[PDB]
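Derivation of every value follows stated rules applied to the coordinates shown; laboratory data play no part. Cβ coordinates were reconstructed from backbone atoms using ideal geometry, including for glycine residues, and neighbour counts include every protein chain displayed.
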Amino acid sequence: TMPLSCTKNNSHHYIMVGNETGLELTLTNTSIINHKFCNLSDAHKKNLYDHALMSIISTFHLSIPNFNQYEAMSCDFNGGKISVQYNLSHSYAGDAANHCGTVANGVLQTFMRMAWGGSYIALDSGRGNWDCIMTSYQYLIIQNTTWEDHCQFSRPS
Ligand SMILES: *[C@@H]1O[C@H](CO)[C@@H](O[C@@H]2O[C@H](CO)[C@@H](O)[C@H](O)[C@H]2NC(C)=O)[C@H](O)[C@H]1NC(C)=O
Ligand SMILES: *[C@@H]1O[C@H](CO)[C@@H](O[C@@H]2O[C@H](CO)[C@@H](O)[C@H](O)[C@H]2NC(C)=O)[C@H](O)[C@H]1NC(C)=O
Ligand SMILES: *[C@@H]1O[C@H](CO)[C@@H](O)[C@H](O)[C@H]1NC(C)=O
Ligand SMILES: *[C@@H]1O[C@H](CO)[C@@H](O)[C@H](O)[C@H]1NC(C)=O
């Protein structure tokens, strides 16, 4: 049985994309995906993935800089419902600076500025309003889920 998303040790927020679907964003020290893969092996999975990230980018109004940087990322599918896990490299100042131009960083920024949970540190990046965010959280988890089920992690596969 899956762990809870809504816990005192987690920071969480739900994005309501559709009329009945959405994304549960969870900052946690709990790993949900146990492999190193993100198999977007078909055009359908490939669009669900882009739809998930665009929804985040639109909603949080993320103007993400081009720094040629990446977060370690796994993803999985459970009957059309995607799970994305970021293995965050934001634990120390250099890491935040080197993983600044990522979607995961934008989420951290949003959590920080919106005060959605957890304490963070913003390092001035090179570009405008964009800050490189430090956090002690090990994982950022994004799951296609409903509001009724958003407080418990869904099963990835
Ligand atoms: C999540 O894990 C980290 C360790 O990876 C916990 O500990 C923090 O780690 C950072 C970086 O090593 C330190 O700067 C902090 O001082 C540590 N804090 C504590 C209390 O140990 C972190 O606390 C964990 N968070 C949760 C909510 O479990
Ligand atoms: C993110 O971290 C988790 C946990 O540290 C990784 O999960 C491990 O993945 C390896 C595959 O190389 C397995 O052999 C281990 O059993 C997994 N451990 C656990 C606790 O699940 C995960 O692969 C990492 N993802 C990325 C993209 O780096
Ligand atoms: C992803 O694909 C690789 C190679 O095709 C395979 O070894 C791996 O098991 C796949 N992962 C998942 C979660 O299906
Ligand atoms: C969640 O999955 C369903 C079915 O795959 C899809 O219709 C819906 O758009 C997805 N939600 C998001 C936010 O991508």
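Only one of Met73, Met112, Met54 is within 15 Å of the chain's Cα centre (by Cα) and within 16 Å of ligand 3 (Cβ to nearest atom). Can you tell me which? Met73 is the lone residue from the list that is within 15 Å of the chain's Cα centre (by Cα) and within 16 Å of ligand 3 (Cβ to nearest atom). Among the residues making up the range 22-59, those that are in contact with a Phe, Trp or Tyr (Cβ under 6 Å, 6 or more places away or on another chain), within 16 Å of ligand 1 (Cβ to nearest atom) and of a type in the set (A, V, I, L, M) are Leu27, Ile32. Each residue in the range 21-45 was checked for being among the hydrophobic types (A, V, I, L, M, F, W, C), within 16 Å of ligand 4 (Cβ to nearest atom) and within 16 Å of the chain's Cα centre (by Cα), and 3 of them qualify. Among the residues of the range 89-109, is any acidic (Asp, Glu) and away from ligand 4 (no atom under 16 Å from the Cβ)? Yes, that holds for at least one residue.
In this structure, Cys132 does not qualify as assigned to a strand (DSSP E or B), touching a residue at least 12 places away in the same chain (Cβ under 8 Å) and closer than 18 Å to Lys36 by Cα. I'm trying to understand the selection: among the residues of the range 28-55, which are in contact with a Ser or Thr (Cβ under 9 Å, 6 or more places away or on another chain) and over 15 Å from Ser154 (Cα atoms)? Those that are in contact with a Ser or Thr (Cβ under 9 Å, 6 or more places away or on another chain) and over 15 Å from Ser154 (Cα atoms): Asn29, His35, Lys36, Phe37, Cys38. Counting only strands (runs of 3 or more DSSP E) that fall entirely inside the range 1-98 and contain at least 2 residues that are of a type outside the set (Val, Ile, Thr), loosely packed, with under 13 Cβ neighbours inside 10 Å and touching a strand residue (DSSP E or B) at 6+ places or on another chain (Cβ under 8 Å), no element qualifies.
Return the only residue of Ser41, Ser89 being free of Cβ contacts under 8 Å to residues at least 40 places away in the same chain and in contact with a helix residue (DSSP H, G or I) (Cβ under 8 Å, 6 or more places away or on another chain).
Result: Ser89 is the single residue among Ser41, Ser89 that is free of Cβ contacts under 8 Å to residues at least 40 places away in the same chain and in contact with a helix residue (DSSP H, G or I) (Cβ under 8 Å, 6 or more places away or on another chain).
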